[PDB]
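Single-structure report; data block below.
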Amino acid sequence: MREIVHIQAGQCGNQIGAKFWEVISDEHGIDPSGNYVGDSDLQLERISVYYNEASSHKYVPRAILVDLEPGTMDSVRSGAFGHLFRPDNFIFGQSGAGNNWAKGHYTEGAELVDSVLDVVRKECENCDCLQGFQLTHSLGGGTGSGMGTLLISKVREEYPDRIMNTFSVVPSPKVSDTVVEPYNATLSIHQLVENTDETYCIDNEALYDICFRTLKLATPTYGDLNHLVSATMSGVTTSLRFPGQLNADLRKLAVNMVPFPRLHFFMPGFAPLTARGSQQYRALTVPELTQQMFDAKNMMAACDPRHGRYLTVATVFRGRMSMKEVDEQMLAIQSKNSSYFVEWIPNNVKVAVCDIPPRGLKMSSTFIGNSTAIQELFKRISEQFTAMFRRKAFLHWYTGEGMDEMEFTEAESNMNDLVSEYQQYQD
Amino acid sequence: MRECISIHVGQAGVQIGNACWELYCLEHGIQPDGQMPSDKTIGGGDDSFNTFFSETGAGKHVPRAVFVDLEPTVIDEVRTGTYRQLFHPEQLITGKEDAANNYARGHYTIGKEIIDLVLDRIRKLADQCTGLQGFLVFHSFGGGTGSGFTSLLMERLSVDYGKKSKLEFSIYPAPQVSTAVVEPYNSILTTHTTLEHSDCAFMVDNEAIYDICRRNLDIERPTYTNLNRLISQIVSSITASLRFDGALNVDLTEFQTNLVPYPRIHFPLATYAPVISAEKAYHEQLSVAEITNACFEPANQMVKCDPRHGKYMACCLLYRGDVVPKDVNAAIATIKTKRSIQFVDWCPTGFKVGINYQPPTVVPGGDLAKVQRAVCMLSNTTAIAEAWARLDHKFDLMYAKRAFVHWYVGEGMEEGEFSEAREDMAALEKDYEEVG
Ligand SMILES: COc1ccc(C[C@@H]2NC(=O)/C=C/C[C@@H]([C@H](C)[C@H]3O[C@@H]3c3ccccc3)OC(=O)[C@H](CC(C)C)OC(=O)[C@H](C)CNC2=O)cc1Cl
Ligand SMILES: Nc1nc2c(ncn2[C@@H]2O[C@H](COP(=O)(O)OP(=O)(O)OP(=O)(O)O)[C@@H](O)[C@H]2O)c(=O)[nH]1
Ligand SMILES: Nc1nc2c(ncn2[C@@H]2O[C@H](COP(=O)(O)OP(=O)(O)O)[C@@H](O)[C@H]2O)c(=O)[nH]1
């Protein structure tokens, strides 16, 4: 039972992670009090990886929540699992998360992260075995990225023989405002690349473009985003939570998935996307499910995979259907869409099936891809930063608290390097 | 007296070990208690089956063998299974970290930090026995454990026991049940470091077994249960010679001599006719000549290859029950009539034969249909070129893009080393091409 320590920080990170944890607990059926009220014994067979044990035999999920605005538990209790997290490790800041990198990444907050690292180190050893670390946040500026990549650097320092993972969200100038973020993102990911190899780029722009246009919305609120993300990035780890064919561990997930030590930006999707409606819907069929699988609109990234090629694909079906027939349409897709995949990497279709269905849904399937497609999103975020770097806007605070211009230029150089790598490996 | 030791490395290896060992215990009249067949009940036996099992004070016939893996996922999963007391508790090792399809992980990261315990246990087991002949290896190409740990372990064995032979039961991997795309990499990385220590290897093909379990065994979704049971049956059909009686292919040295001309080339094909599915009562009957002549068909050849397009080197068989040599020789003569088979131009190539006096034993609660006739061809046909070259081709496709190289590099391999291994096996393909 290789346990996982969950790291989590930031206003958006906590918002997404609360609903994610609620979804996973509900699917596993443990009561919001913290006791097993599930409906079978296939739940607690090895699930200690996410849920530890208390003295009174009640379970206890392990996940750290930190920030720099003092009120987090005041906002963490906004759902249904406030006291559920152990009530001694809600380390809180003092100021807030203005969109200022290095205001958490160099001087203040960095003072707090030493104690944070001490606490997480103390937290880790109690388990029987360690799997690694995985982190949920957004690349959003304002203590959201600083603390994130900072703690990434120190955890990678302390445990080189484990695996990182980021559930970060790329900001976008369609849903949001306070436009200094391109700096924050394109600078933090600049060392996220060297510091981590396991990433999911849930494009907020794509989430809006699919949630407001063709999902019957008028003003997408933050809970609206939280529904879709707490669906997809909660179903992404069912393979970890549930035994099955592709039980691959973090290290093994990587070795099956990441060819090169940098080209590791997975772009996920989820075929039965659903806005918040209590009624489930009419039923869907397996070929329809696996066809909405590659729905370009369905993609949680900013591209249509038809416009590019894949490298290493996974898939996790869920429900009760034809177990052994899924290979038929897997090979059908392979045969009719050879151009979509690449010849450099044969048999890039690792597939598996999980018996359990999700909450409020019978037939569904979480998806993971790895394609050249995210070159489009990176070109977007690179132009949406370079077209404004010429005016040197707002770099006063950054240049005052400990950055410099050469750092900005070298970050742009690194990201042009990544887009070049994607381009050439597409060529 | 004589004896032998079977090693078990990897999840697949230990699953097949459980299946095979349970079948063997069933076959000899032994029971999950092993009360007594007809013998002294303490240090008894005296037939050939003693070479696998040895009686304790209770006459239990403990199988002096071990199971090894780097994660307590499957080892424990069967340690509290049917044969809990058949094997010795604290005689099944459990690793901690899975090799995770990484050959270097089993070669220089975690297996290297535990191999000492495995060596101590196997050496103690050898001290317990008195008549060791060699070793039986159950591993797989694809897995990091069953390749890296396998290679390193057998290297240690060849270092300390430099005389005895050894036989490898590996599993040639298939895309249809593939759980990695680093699988050719691990396969090459281990096999390029086997010939120097390996003596003979019986590799089984997943796609071939899958096609057997479907096209004739009436399955559509075969799990590891179906494939594993079928391969356990075929492995029993191979080793029955060592299990019972003096006949063709009794000893491991005899195995290799009857089979292996040249030390580098020691990959022999294998077949086993009865694949008749299940409780489907009777559509036809059985016949010695029928199964013998149908053996040459590419139906049941353990590994997918085209033998009729390649020159042979030897031919051995084996039969279960319903013994009468005369019609056996008549069947040999009938199939002898040179339809398209060929042989070696510089040595006699007779169809060596050794018969056994026991019909096949089928699992008491499984798919296979009870039969009483059987054949088992251990042909040393050169046509395994095709399969090896296919794997090599799948390998060198992904080397122009330097794919996945860093993952192995990070633990102590070398980038250009892979080119050396690829040239080694290109030369081995040339070696197959030499025979013409
Ligand atoms: C043309 O000039 C413009 C002027 C305004 C606008 C719109 C205007 N803003 C920006 O894009 C400016 C971004 C900078 C950023 C700088 C680069 C980071 O170090 C800052 C910092 C943070 C905390 C403490 C100390 C320093 O500051 C801020 O974080 C503050 C927020 C609060 C905390 C003052 O600023 C806003 O965002 C304001 C208050 C919210 N509103 C807006 O949407 C657009 C343009 Cl283009
Ligand atoms: N016939 C058969 N093949 C199996 C079985 N288990 C695994 N395989 C195949 O063996 C290959 C790899 O072996 P695995 O057991 O998956 O790997 P492993 O030895 O556990 O290696 P690690 O996962 O790296 O520790 C794949 O082609 C699997 O499909 C089994 O019970 N029977
Ligand atoms: N995906 C997602 N993005 C959000 C949410 N709320 C705000 N955002 C945007 O994504 C980024 C959130 O990260 P961050 O800036 O660290 O949030 P902060 O801690 O409130 O400053 C910001 O640029 C926001 O504009 C949310 O609930 N989900």
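Protein chains in written order, with this note's numbering: chain A, 498 to 924; chain B, 215 to 650. Heads up, the beta-carbon is just placed ideally off N, CA and C, and yes, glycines get one too.
Opening and closing residue of the alpha helix (DSSP H) in which residue i lies
i	result
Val351 (chain B)	That residue, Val351 (chain B), is in no alpha helix (DSSP H); its beta strand (DSSP E) goes 346-352.
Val520 (chain A)	508-525
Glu634 (chain B)	631-648
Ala422 (chain B)	420-429
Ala682 (chain A)	678-692
Residue i: first and last residue of the uninterrupted beta strand (DSSP E) it sits in
i	result
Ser868 (chain A)	From DSSP, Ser868 (chain A) is part of no beta strand (DSSP E); its letter is neither H nor E.
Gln505 (chain A)	499-505
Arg815 (chain A)	811-815
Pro558 (chain A)	556-558
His222 (chain B)	217-222
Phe609 (chain B)	That residue, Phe609 (chain B), is in no beta strand (DSSP E); its alpha helix (DSSP H) goes 599-611.
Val850 (chain A)	849-851
Burial state of residue i (16 or more Cβ within 10 Å)
i	result
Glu397 (chain B)	buried
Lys254 (chain B)	exposed
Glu628 (chain B)	exposed
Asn463 (chain B)	buried
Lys600 (chain A)	buried
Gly243 (chain B)	exposed
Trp235 (chain B)	buried
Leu770 (chain A)	buried
residue 160 (chain B)	In this structure chain B extends from 215 to 650, so residue 160 (chain B) is not present and cannot be described.
residue 475 (chain A)	Since the first and last residues shown for chain A are 498 and 924, residue 475 (chain A) lies out of range.
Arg553 (chain B)	exposed
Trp560 (chain B)	exposed
Chain A within 8 Å of residue i, Cβ atoms only
i	result
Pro246 (chain B)	no
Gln390 (chain B)	yes
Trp602 (chain B)	no
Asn316 (chain B)	yes
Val228 (chain B)	no
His620 (chain B)	yes
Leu403 (chain B)	no
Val395 (chain B)	yes
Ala279 (chain B)	no
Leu611 (chain B)	yes
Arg443 (chain B)	no
Cutoff 8 Å: residue i Cβ touching any chain B Cβ
i	result
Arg738 (chain A)	no
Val616 (chain A)	no
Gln742 (chain A)	yes
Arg748 (chain A)	yes
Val752 (chain A)	yes
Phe757 (chain A)	yes
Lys821 (chain A)	yes
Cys851 (chain A)	no
Pair within 8 Å by beta-carbon distance, residue i and residue j
i	j	result
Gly643 (chain A)	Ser635 (chain A)	no
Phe510 (chain B)	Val449 (chain B)	no
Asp520 (chain B)	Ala597 (chain B)	yes
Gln305 (chain B)	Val280 (chain B)	yes
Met912 (chain A)	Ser868 (chain A)	no
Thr646 (chain A)	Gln591 (chain A)	no
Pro436 (chain B)	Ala588 (chain B)	no
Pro573 (chain B)	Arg534 (chain B)	yes
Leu331 (chain B)	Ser361 (chain B)	no
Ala506 (chain A)	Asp564 (chain A)	yes
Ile426 (chain B)	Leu444 (chain B)	yes
Other residues of its chain near residue i: CB distance less than 6 Å, five sequence neighbours each side excluded
i	result
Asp528 (chain A)	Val534
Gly273 (chain B)	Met250, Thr255, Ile256
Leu747 (chain A)	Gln628, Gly629, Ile660
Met527 (chain B)	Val558, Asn594
Contacts around residue i, its chain only, beta-carbon distance under 7 Å, and the 5 residues preceding and following it disregarded
i	result
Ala715 (chain A)	none
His222 (chain B)	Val228, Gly231, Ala279, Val280, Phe281, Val282, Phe352
Other residues of its chain near residue i: CB distance less than 8 Å, five sequence neighbours each side excluded
i	result
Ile544 (chain A)	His525, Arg738
Check: residue i C-beta below 7 Å from any heavy atom of ligand 4
i	result
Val563 (chain A)	Judged by which ligands are present, ligand 4 is missing from the structure shown, whose ligands are ligand 1, ligand 2 and ligand 3.
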